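Enquirer: So that you have it, the file is input-v6.tsv, and it contains TSV, C-alpha atoms:
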```tsv
chain	number	residue	atom	x	y	z
P	31	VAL	CA	27.73	53.67	40.29
P	32	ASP	CA	25.30	55.59	42.49
P	33	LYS	CA	22.03	54.17	40.97
P	34	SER	CA	18.44	55.10	41.88
P	35	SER	CA	16.99	52.67	44.46
P	36	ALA	CA	13.54	52.46	42.82
P	37	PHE	CA	15.28	51.49	39.60
P	38	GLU	CA	17.39	48.76	41.19
P	39	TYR	CA	14.29	47.29	42.90
P	40	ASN	CA	12.44	47.38	39.56
P	41	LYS	CA	15.18	45.26	37.98
P	42	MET	CA	14.50	42.64	40.67
P	43	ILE	CA	10.95	42.23	39.30
P	44	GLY	CA	12.62	41.12	36.04
P	45	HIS	CA	10.35	38.84	34.07
P	46	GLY	CA	7.42	38.00	36.34
P	47	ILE	CA	4.06	36.23	36.22
P	48	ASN	CA	0.62	37.05	37.55
P	49	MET	CA	-1.09	34.55	39.91
P	50	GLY	CA	-4.44	35.26	38.32
P	51	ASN	CA	-8.09	34.33	39.03
P	52	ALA	CA	-7.31	33.27	42.61
P	53	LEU	CA	-7.30	35.64	45.61
P	54	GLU	CA	-9.06	38.41	43.56
P	55	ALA	CA	-12.09	36.15	43.13
P	56	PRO	CA	-14.88	36.65	45.75
P	57	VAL	CA	-13.75	33.46	47.42
P	58	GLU	CA	-10.42	31.84	46.40
P	59	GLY	CA	-11.14	28.97	43.98
P	60	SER	CA	-14.61	30.14	43.07
P	61	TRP	CA	-13.27	30.99	39.59
P	62	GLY	CA	-11.29	27.76	38.95
P	63	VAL	CA	-7.95	28.56	40.57
P	64	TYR	CA	-6.59	27.87	44.00
P	65	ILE	CA	-2.98	28.78	44.76
P	66	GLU	CA	-0.98	25.60	45.62
P	67	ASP	CA	2.38	25.96	47.36
P	68	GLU	CA	4.02	24.02	44.57
P	69	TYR	CA	3.05	26.76	42.09
P	70	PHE	CA	5.84	29.07	43.32
P	71	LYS	CA	8.57	26.37	43.06
P	72	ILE	CA	7.28	25.57	39.57
P	73	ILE	CA	7.34	29.26	38.63
P	74	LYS	CA	10.87	29.68	40.06
P	75	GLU	CA	12.23	26.57	38.26
P	76	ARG	CA	10.94	27.85	34.93
P	77	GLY	CA	13.03	31.04	35.30
P	78	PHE	CA	10.61	33.72	36.46
P	79	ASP	CA	11.99	36.36	38.82
P	80	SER	CA	8.75	37.49	40.50
P	81	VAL	CA	5.08	36.81	41.01
P	82	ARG	CA	2.32	39.39	41.15
P	83	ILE	CA	-0.63	38.47	43.39
P	84	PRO	CA	-4.15	39.97	42.85
P	85	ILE	CA	-6.01	40.00	46.22
P	86	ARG	CA	-9.62	41.10	46.74
P	87	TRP	CA	-9.17	42.43	50.34
P	88	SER	CA	-12.54	44.18	50.04
P	89	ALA	CA	-14.45	40.84	50.12
P	90	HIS	CA	-12.82	39.85	53.42
P	91	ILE	CA	-13.35	42.79	55.72
P	92	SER	CA	-15.66	43.94	58.46
P	93	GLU	CA	-18.76	45.87	57.64
P	94	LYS	CA	-17.89	48.46	60.35
P	95	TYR	CA	-15.11	51.04	60.76
P	96	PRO	CA	-12.12	50.57	60.66
P	97	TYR	CA	-12.86	47.57	58.31
P	98	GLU	CA	-10.69	44.92	59.89
P	99	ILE	CA	-9.62	42.06	57.71
P	100	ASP	CA	-10.83	38.56	58.42
P	101	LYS	CA	-7.90	36.92	60.18
P	102	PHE	CA	-8.28	33.69	58.26
P	103	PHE	CA	-7.93	35.63	55.03
P	104	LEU	CA	-4.97	37.68	56.18
P	105	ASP	CA	-3.35	34.41	57.46
P	106	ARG	CA	-4.01	32.95	54.00
P	107	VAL	CA	-2.29	35.89	52.21
P	108	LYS	CA	0.60	35.64	54.71
P	109	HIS	CA	0.95	31.95	53.94
P	110	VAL	CA	1.05	32.50	50.14
P	111	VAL	CA	3.67	35.29	50.44
P	112	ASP	CA	5.87	33.19	52.77
P	113	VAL	CA	5.78	30.36	50.24
P	114	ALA	CA	6.69	32.68	47.32
P	115	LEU	CA	9.67	34.23	49.19
P	116	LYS	CA	10.72	30.70	50.28
P	117	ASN	CA	11.17	30.12	46.60
P	118	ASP	CA	13.27	33.31	46.08
P	119	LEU	CA	10.63	35.13	44.04
P	120	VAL	CA	10.20	38.86	44.48
P	121	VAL	CA	6.49	39.20	45.42
P	122	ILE	CA	4.00	41.97	44.62
P	123	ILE	CA	0.75	42.10	46.60
P	124	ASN	CA	-2.02	44.50	45.56
P	125	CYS	CA	-5.63	45.45	46.16
P	126	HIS	CA	-7.68	44.13	43.26
P	127	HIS	CA	-11.31	44.10	42.08
P	128	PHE	CA	-12.77	46.56	44.66
P	129	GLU	CA	-16.07	47.02	42.80
P	130	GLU	CA	-17.45	49.64	45.23
P	131	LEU	CA	-14.37	51.80	44.91
P	132	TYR	CA	-14.96	51.96	41.12
P	133	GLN	CA	-18.51	53.14	41.65
P	134	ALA	CA	-18.21	55.43	44.70
P	135	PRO	CA	-14.59	56.44	45.30
P	136	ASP	CA	-15.41	59.29	47.71
P	137	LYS	CA	-17.10	56.80	50.01
P	138	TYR	CA	-14.84	53.78	49.56
P	139	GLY	CA	-11.48	55.47	49.19
P	140	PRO	CA	-11.30	55.59	52.98
P	141	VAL	CA	-11.90	51.80	53.03
P	142	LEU	CA	-8.76	51.31	50.81
P	143	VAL	CA	-6.73	53.52	53.18
P	144	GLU	CA	-7.92	51.37	56.04
P	145	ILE	CA	-7.32	48.12	54.17
P	146	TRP	CA	-3.71	49.20	53.53
P	147	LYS	CA	-3.19	50.42	57.06
P	148	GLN	CA	-3.75	46.78	58.12
P	149	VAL	CA	-1.81	45.13	55.28
P	150	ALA	CA	1.19	47.46	55.72
P	151	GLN	CA	1.02	46.73	59.42
P	152	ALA	CA	0.94	42.91	59.10
P	153	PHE	CA	3.71	42.88	56.50
P	154	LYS	CA	5.88	45.61	58.05
P	155	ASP	CA	8.80	43.31	58.99
P	156	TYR	CA	8.89	41.34	55.69
P	157	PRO	CA	12.13	41.38	53.65
P	158	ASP	CA	12.35	44.11	51.00
P	159	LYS	CA	11.63	41.41	48.38
P	160	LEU	CA	7.91	41.91	49.03
P	161	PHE	CA	6.60	44.98	47.16
P	162	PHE	CA	3.14	46.54	47.68
P	163	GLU	CA	0.88	47.91	44.93
P	164	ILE	CA	-1.90	50.14	46.27
P	165	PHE	CA	-4.65	49.26	43.74
P	166	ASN	CA	-5.04	47.55	40.37
P	167	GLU	CA	-6.34	49.47	37.35
P	168	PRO	CA	-8.16	52.58	38.62
P	169	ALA	CA	-11.10	53.17	36.33
P	170	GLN	CA	-14.74	54.25	35.96
P	171	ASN	CA	-15.58	56.72	38.75
P	172	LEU	CA	-12.08	56.43	40.23
P	173	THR	CA	-10.94	58.96	37.65
P	174	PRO	CA	-7.36	60.14	37.03
P	175	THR	CA	-8.12	63.09	39.34
P	176	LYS	CA	-9.62	61.02	42.27
P	177	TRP	CA	-6.78	58.57	41.91
P	178	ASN	CA	-4.30	61.37	42.19
P	179	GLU	CA	-6.20	62.39	45.33
P	180	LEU	CA	-6.69	58.86	46.78
P	181	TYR	CA	-3.42	57.00	46.23
P	182	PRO	CA	-1.22	59.43	48.24
P	183	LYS	CA	-3.49	59.11	51.27
P	184	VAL	CA	-2.96	55.30	51.18
P	185	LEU	CA	0.76	55.85	50.46
P	186	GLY	CA	0.99	58.10	53.55
P	187	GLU	CA	-0.47	55.29	55.71
P	188	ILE	CA	1.73	52.55	54.34
P	189	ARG	CA	4.79	54.82	54.87
P	190	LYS	CA	4.13	55.04	58.66
P	191	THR	CA	5.04	51.36	59.08
P	192	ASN	CA	7.01	50.63	55.90
P	193	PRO	CA	9.16	53.74	55.26
P	194	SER	CA	11.00	52.46	52.15
P	195	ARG	CA	9.18	49.39	50.84
P	196	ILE	CA	8.53	49.65	47.10
P	197	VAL	CA	5.00	50.75	46.39
P	198	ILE	CA	3.72	50.30	42.85
P	199	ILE	CA	1.41	53.00	41.52
P	200	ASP	CA	-0.99	52.02	38.77
P	201	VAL	CA	-1.78	54.26	35.81
P	202	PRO	CA	-5.53	55.21	35.81
P	203	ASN	CA	-8.14	54.42	33.15
P	204	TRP	CA	-7.55	50.64	33.39
P	205	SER	CA	-3.78	51.41	33.43
P	206	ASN	CA	-3.95	51.89	29.69
P	207	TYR	CA	-0.57	53.01	28.25
P	208	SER	CA	-1.95	56.38	27.01
P	209	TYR	CA	-3.06	57.59	30.44
P	210	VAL	CA	0.48	57.82	31.77
P	211	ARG	CA	0.55	61.61	31.38
P	212	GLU	CA	-2.57	61.76	33.66
P	213	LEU	CA	-0.76	60.25	36.70
P	214	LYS	CA	0.38	62.85	39.20
P	215	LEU	CA	3.48	61.53	41.12
P	216	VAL	CA	4.69	62.20	44.68
P	217	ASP	CA	8.13	62.97	46.16
P	218	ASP	CA	8.86	59.40	47.24
P	219	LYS	CA	12.07	57.58	46.26
P	220	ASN	CA	10.66	54.06	46.54
P	221	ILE	CA	7.78	54.07	44.00
P	222	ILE	CA	7.30	52.28	40.68
P	223	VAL	CA	4.73	53.17	38.07
P	224	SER	CA	2.76	50.45	36.31
P	225	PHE	CA	0.79	50.12	33.14
P	226	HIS	CA	-0.84	47.14	31.50
P	227	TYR	CA	-0.64	46.35	27.85
P	228	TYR	CA	-3.34	44.57	25.88
P	229	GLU	CA	-3.40	46.34	22.44
P	230	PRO	CA	-4.77	45.59	19.94
P	231	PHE	CA	-7.58	44.91	22.36
P	232	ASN	CA	-9.77	43.29	19.75
P	233	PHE	CA	-6.95	40.73	19.31
P	234	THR	CA	-5.97	40.01	22.94
P	235	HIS	CA	-9.62	39.82	24.04
P	236	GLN	CA	-11.19	38.06	21.13
P	237	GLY	CA	-13.88	35.68	22.34
P	238	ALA	CA	-13.77	36.96	25.92
P	239	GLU	CA	-17.42	36.37	26.98
P	240	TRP	CA	-16.93	38.89	29.81
P	241	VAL	CA	-16.44	41.83	27.41
P	242	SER	CA	-19.52	43.70	26.13
P	243	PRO	CA	-20.12	43.46	23.34
P	244	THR	CA	-18.15	40.25	23.12
P	245	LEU	CA	-15.58	40.46	20.26
P	246	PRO	CA	-15.24	38.29	17.15
P	247	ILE	CA	-12.76	35.43	17.00
P	248	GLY	CA	-10.28	34.69	14.21
P	249	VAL	CA	-8.42	38.00	14.49
P	250	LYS	CA	-4.76	37.58	13.67
P	251	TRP	CA	-1.57	39.25	14.87
P	252	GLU	CA	1.22	38.57	12.52
P	253	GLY	CA	4.43	40.45	13.57
P	254	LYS	CA	4.37	42.77	10.56
P	255	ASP	CA	6.50	45.95	10.46
P	256	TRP	CA	3.32	48.07	10.97
P	257	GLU	CA	2.18	45.83	13.85
P	258	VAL	CA	5.51	46.00	15.72
P	259	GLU	CA	5.54	49.77	15.26
P	260	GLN	CA	2.15	50.23	16.94
P	261	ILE	CA	3.55	48.63	20.16
P	262	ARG	CA	6.92	50.36	19.85
P	263	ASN	CA	5.05	53.65	19.40
P	264	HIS	CA	2.96	52.96	22.56
P	265	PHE	CA	5.95	51.97	24.78
P	266	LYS	CA	8.24	54.78	23.61
P	267	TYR	CA	5.52	57.18	24.80
P	268	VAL	CA	5.42	55.49	28.23
P	269	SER	CA	9.24	55.50	28.32
P	270	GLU	CA	9.57	59.20	27.38
P	271	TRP	CA	7.17	60.11	30.26
P	272	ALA	CA	8.84	57.82	32.80
P	273	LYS	CA	12.18	59.37	31.92
P	274	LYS	CA	11.00	62.95	32.28
P	275	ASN	CA	9.34	62.08	35.62
P	276	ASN	CA	12.39	60.14	36.91
P	277	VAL	CA	10.40	56.98	37.64
P	278	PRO	CA	10.86	53.26	36.68
P	279	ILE	CA	8.22	51.33	34.69
P	280	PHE	CA	6.62	47.90	35.52
P	281	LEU	CA	4.41	46.45	32.79
P	282	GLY	CA	2.23	44.73	35.26
P	283	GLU	CA	0.11	42.70	32.86
P	284	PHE	CA	0.30	41.56	29.29
P	285	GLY	CA	-1.28	38.50	27.66
P	286	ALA	CA	-3.52	37.33	24.84
P	287	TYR	CA	-6.65	35.26	25.64
P	288	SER	CA	-6.74	31.53	24.65
P	289	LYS	CA	-9.47	32.05	22.01
P	290	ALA	CA	-6.94	33.90	19.88
P	291	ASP	CA	-4.99	31.46	17.68
P	292	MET	CA	-1.66	30.25	19.23
P	293	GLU	CA	0.67	31.49	16.55
P	294	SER	CA	-0.53	35.07	16.97
P	295	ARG	CA	-0.22	34.78	20.76
P	296	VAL	CA	3.34	33.46	20.56
P	297	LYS	CA	4.25	36.29	18.12
P	298	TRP	CA	2.39	39.07	20.01
P	299	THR	CA	3.74	37.91	23.38
P	300	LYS	CA	7.34	37.69	22.21
P	301	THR	CA	7.17	41.19	20.65
P	302	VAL	CA	5.78	42.86	23.82
P	303	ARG	CA	8.45	41.19	25.99
P	304	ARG	CA	11.17	42.35	23.54
P	305	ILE	CA	9.89	45.93	23.46
P	306	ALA	CA	9.25	46.01	27.18
P	307	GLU	CA	12.94	44.88	27.54
P	308	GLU	CA	14.38	47.45	25.11
P	309	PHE	CA	12.81	50.26	27.13
P	310	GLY	CA	13.99	48.76	30.42
P	311	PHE	CA	10.51	48.02	31.72
P	312	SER	CA	10.21	45.12	34.17
P	313	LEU	CA	7.27	42.90	33.18
P	314	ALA	CA	4.78	40.33	34.41
P	315	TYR	CA	2.69	38.09	32.19
P	316	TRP	CA	-1.04	37.77	32.68
P	317	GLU	CA	-1.54	34.99	33.82
P	318	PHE	CA	-0.23	31.62	35.17
P	319	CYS	CA	-3.02	29.16	34.43
P	320	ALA	CA	-6.68	29.74	33.46
P	321	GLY	CA	-7.76	31.52	30.25
P	322	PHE	CA	-4.52	33.40	29.34
P	323	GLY	CA	-2.45	30.68	31.04
P	324	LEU	CA	1.11	29.65	30.36
P	325	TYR	CA	0.88	26.58	32.53
P	326	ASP	CA	-1.28	23.56	31.85
P	327	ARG	CA	-2.47	22.18	35.18
P	328	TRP	CA	-3.73	18.92	33.75
P	329	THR	CA	-0.46	17.84	32.13
P	330	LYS	CA	1.63	19.78	34.73
P	331	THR	CA	3.70	21.26	31.82
P	332	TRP	CA	4.34	24.75	30.52
P	333	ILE	CA	2.69	25.68	27.24
P	334	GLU	CA	5.39	26.20	24.56
P	335	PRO	CA	6.72	28.16	22.88
P	336	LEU	CA	4.24	30.63	24.47
P	337	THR	CA	6.04	30.47	27.87
P	338	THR	CA	9.30	31.23	26.05
P	339	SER	CA	7.50	34.09	24.34
P	340	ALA	CA	6.61	35.50	27.76
P	341	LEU	CA	9.91	34.80	29.56
P	342	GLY	CA	12.59	34.98	26.89
P	343	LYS	CA	14.35	31.77	27.82
```
If you took the structure in this file and wrote it as structure tokens, what would it be?
Expert:
Amino acid sequence: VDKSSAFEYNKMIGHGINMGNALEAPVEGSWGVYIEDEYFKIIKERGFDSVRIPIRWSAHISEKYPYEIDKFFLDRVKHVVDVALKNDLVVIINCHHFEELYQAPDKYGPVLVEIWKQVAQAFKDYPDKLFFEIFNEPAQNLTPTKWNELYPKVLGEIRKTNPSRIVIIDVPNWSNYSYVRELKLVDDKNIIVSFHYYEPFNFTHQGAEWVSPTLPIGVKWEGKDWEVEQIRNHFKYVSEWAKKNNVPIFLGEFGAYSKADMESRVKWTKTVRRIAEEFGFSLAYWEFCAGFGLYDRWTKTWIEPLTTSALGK
């Protein structure tokens, strides 16, 4: 029973949840969400194993080299992580929503390296229950190629201070399932690869005003043999590649937006969980409250059976 370390750490992610629309906003709360300590207890009591925390480090750094992080902000992230670990959740912190890196990777890649030099340094003595994730959803000008060039440089820096901490490596092109074969891996034993699933996109993002063009509402997802096979076909592809490259998978985001009808969301969400499970992917639902939310902040109650769809109990 010599098992791969990466793979055992990936099992610890289990069924997770994203803490969305909070620290990846310009300023925390400016989008409608502010992380409250109680959130993590609430998440733990419902049965989730882990929480994934989007953080826009790039909005809280110095204009001049080496791009030091505003201490208040780093103190704030340290608080939030402490509170999540206090509640026995495995905790993933990333870099998220670095607009400039998407536009000019050659220039801003070195800012991400720096950012992570400081984050790896501050978190170096944290228990192994805290995982890092270099960057969320490379895309646009941060091509598969540049990502394959950038992420190892950041990895190298993190590894100076955190020699074995799990680092999660996102698939490029928005982490879409089909870009898995474009990711070039490194000889590191403590890495996990992550994709995000939102197909059919015209279903999961119906009515999303932030998509251009914005998509029509009233699009169903009905659990039909042909519908389940689309997803199974997608995942089996990710699984075959992960197996040949000896790497574990974390489905870092999946969710359907609240403008889709509830029945389809409950069905779609359940199916993705189930298929993610069958292929031994860990998973994390997007997101806790807000527009794809499982948890209703007004009533202080989970939304059901959707939450069961996402969690499986």
Enquirer: At a cut-off of 8 Å, using only C-alpha atoms, what residues contact residue 319 in chain P? Leave out same-chain residues fewer than 5 positions from it and give the result as a PyMOL selection string.
Expert: chain P and resi 49-50+63+324-327
Enquirer: Residues near residue 310 in chain P, anyone? I mean within 12 Å using only C-alpha atoms, not counting same-chain ones fewer than 4 positions away, as a PyMOL selection string.
Expert: chain P and resi 37-38+40-45+265-266+268-270+272-273+277-281+303-306
Enquirer: For residue 248 in chain P, which residue out of P:284, P:213, P:118, P:289 is the nearest one, using all atoms listed in the file?
Expert: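 For residue 248 in chain P, the nearest of the candidates is P:289.
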Enquirer: Smallest atom-to-atom distance to residue 87 in chain P: which of P:218, P:100, P:68, P:105, using all atoms listed in the file?
Expert: P:100
Enquirer: Which is closest to residue 252 in chain P among P:91, P:33, P:300, P:239, if we use only C-alpha atoms?
Expert: P:300
Enquirer: Residues proximal to (1.4, 26.8, 43.0) were defined as those with any atom within 10 Å of that point in the file's coordinates, counting all atoms listed in the file. Which are they, as an NGL selection string?
Expert: :P and (49 or 63-73 or 110 or 113-114 or 318-319 or 327)
Enquirer: Would you list the contacts of residue 203 in chain P as a list in words, taking every protein, DNA or RNA residue within 7 Å and counting only C-alpha atoms, but skipping same-chain residues closer than 4 positions in sequence?
Expert: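 Listing them by chain and then by number gives residues 167, 168, 169, 173, 174 and 209 of chain P.
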Enquirer: Expressed in Å to a single decimal, how great is the separation between CA of residue 172 in chain P and CA of residue 135 in chain P?
Expert: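 Taking CA of residue 172 in chain P as the start and CA of residue 135 in chain P as the end point, the length is 5.7 Å.
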Enquirer: Using all atoms listed in the file, determine which residues lie at most 9 Å from residue 180 in chain P, disregarding the query and same-chain residues fewer than 3 positions distant; provide the list as number ranges by chain.
Expert: P: 135-136, 139-140, 142-143, 172, 175-177, 183-185
Enquirer: Need the neighbours of (6.2, 47.5, 57.0): which residues are at most 9 Å away, counting all atoms listed in the file, as JSON, numbers by chain?
Expert: {"P": [149, 150, 151, 152, 153, 154, 155, 156, 188, 189, 190, 191, 192, 193, 194, 195]}
Enquirer: Pick from P:163, P:98, P:32, P:291: nearest to residue 237 in chain P, with only C-alpha atoms counted?
Expert: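 Result for the nearest residue to residue 237 in chain P: P:291.
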Enquirer: Listing only residues of range 296-328 of chain P within 10 Å of range 75-86 of chain P, what is the closest atom pair and its distance in Å (to one decimal) for each, using all atoms listed in the file, sorted by chain and residue number ascending, as CSV?
Expert:
```
residue,atom,partner,partner_atom,distance
P:313,CA,P:80,CA,9.2
P:314,CA,P:82,CA,7.2
P:315,CA,P:82,CA,9.1
P:316,CA,P:82,CA,9.3
P:317,CA,P:82,CA,9.4
P:318,CA,P:81,CA,9.4
```
Enquirer: Mind completing range 248-269 of chain P with N, CA, C and O atoms? Output as a CSV table (one decimal), in the coordinates of the input, please?
Expert:
```
chain,number,residue,atom,x,y,z
P,248,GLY,N,-10.9,34.9,15.5
P,248,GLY,CA,-10.3,34.7,14.2
P,248,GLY,C,-9.5,35.9,13.7
P,248,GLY,O,-9.0,35.9,12.6
P,249,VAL,N,-9.2,36.8,14.7
P,249,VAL,CA,-8.4,38.0,14.5
P,249,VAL,C,-7.0,37.7,14.7
P,249,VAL,O,-6.6,37.3,15.8
P,250,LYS,N,-6.2,37.9,13.7
P,250,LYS,CA,-4.8,37.6,13.7
P,250,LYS,C,-3.8,38.7,14.2
P,250,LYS,O,-4.2,39.9,14.2
P,251,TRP,N,-2.6,38.3,14.6
P,251,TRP,CA,-1.6,39.2,14.9
P,251,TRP,C,-0.3,38.6,14.3
P,251,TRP,O,0.1,37.5,14.7
P,252,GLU,N,0.3,39.3,13.4
P,252,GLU,CA,1.2,38.6,12.5
P,252,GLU,C,2.7,39.1,12.6
P,252,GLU,O,3.4,38.6,11.8
P,253,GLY,N,3.0,40.0,13.5
P,253,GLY,CA,4.4,40.4,13.6
P,253,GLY,C,4.9,41.3,12.4
P,253,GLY,O,6.1,41.4,12.1
P,254,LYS,N,4.0,42.0,11.7
P,254,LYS,CA,4.4,42.8,10.6
P,254,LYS,C,5.0,44.1,11.0
P,254,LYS,O,4.7,44.6,12.1
P,255,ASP,N,5.9,44.7,10.2
P,255,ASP,CA,6.5,46.0,10.5
P,255,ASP,C,5.5,47.0,11.1
P,255,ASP,O,5.9,47.6,12.1
P,256,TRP,N,4.3,47.1,10.5
P,256,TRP,CA,3.3,48.1,11.0
P,256,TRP,C,2.7,47.6,12.3
P,256,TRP,O,2.3,48.5,13.1
P,257,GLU,N,2.7,46.3,12.6
P,257,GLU,CA,2.2,45.8,13.8
P,257,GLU,C,3.2,46.1,15.0
P,257,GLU,O,2.8,46.5,16.1
P,258,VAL,N,4.4,45.8,14.8
P,258,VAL,CA,5.5,46.0,15.7
P,258,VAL,C,5.7,47.5,16.0
P,258,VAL,O,6.0,47.9,17.1
P,259,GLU,N,5.4,48.4,15.0
P,259,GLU,CA,5.5,49.8,15.3
P,259,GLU,C,4.4,50.4,16.1
P,259,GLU,O,4.7,51.3,16.8
P,260,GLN,N,3.2,49.8,16.1
P,260,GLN,CA,2.2,50.2,16.9
P,260,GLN,C,2.6,50.1,18.4
P,260,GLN,O,2.6,51.1,19.1
P,261,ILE,N,3.1,49.0,18.8
P,261,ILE,CA,3.6,48.6,20.2
P,261,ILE,C,4.8,49.5,20.5
P,261,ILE,O,4.8,50.1,21.6
P,262,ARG,N,5.7,49.5,19.6
P,262,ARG,CA,6.9,50.4,19.8
P,262,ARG,C,6.5,51.8,20.0
P,262,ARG,O,7.1,52.5,20.8
P,263,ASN,N,5.5,52.3,19.2
P,263,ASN,CA,5.0,53.6,19.4
P,263,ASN,C,4.4,53.9,20.8
P,263,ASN,O,4.7,54.9,21.4
P,264,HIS,N,3.6,52.9,21.2
P,264,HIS,CA,3.0,53.0,22.6
P,264,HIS,C,3.9,53.0,23.8
P,264,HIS,O,3.8,53.9,24.7
P,265,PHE,N,4.9,52.1,23.7
P,265,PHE,CA,6.0,52.0,24.8
P,265,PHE,C,6.9,53.1,24.9
P,265,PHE,O,7.4,53.5,26.0
P,266,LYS,N,7.3,53.7,23.7
P,266,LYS,CA,8.2,54.8,23.6
P,266,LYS,C,7.6,56.0,24.3
P,266,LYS,O,8.3,56.7,25.1
P,267,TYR,N,6.3,56.2,24.1
P,267,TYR,CA,5.5,57.2,24.8
P,267,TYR,C,5.6,57.0,26.3
P,267,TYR,O,5.8,58.0,27.1
P,268,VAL,N,5.3,55.8,26.8
P,268,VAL,CA,5.4,55.5,28.2
P,268,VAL,C,6.9,55.8,28.7
P,268,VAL,O,7.1,56.5,29.7
P,269,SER,N,7.8,55.3,28.0
P,269,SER,CA,9.2,55.5,28.3
P,269,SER,C,9.6,57.0,28.4
P,269,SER,O,10.3,57.4,29.3
```
